[PDB]
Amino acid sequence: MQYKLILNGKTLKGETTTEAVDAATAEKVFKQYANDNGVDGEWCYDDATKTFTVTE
């Protein structure tokens, strides 16, 4: 499935996507994406829109 990440950081704001078999796996990918891009924040996930947010 295609999942979306919305980053709401102090400096980084944007959207990206990944393909994963379940939300747990997507979450791993996006937590790494956020960290790799210097973001350390508060997470939310709506399976009804396959969308994660990370907000600082």
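Numbering starts at 1 and follows the sequence shown.
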property	result
Lowest, middle or highest third - CA B-factor, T25	middle
Cα B factor band for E15 (lowest, middle or highest third within the chain)	highest
Assigned third (lowest, middle, highest) for the C-alpha B factor of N8	highest
Third assignment of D36 from its chain's C-alpha B-factors	lowest
CA B-factor ranking of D46, expressed as a third of its chain	lowest
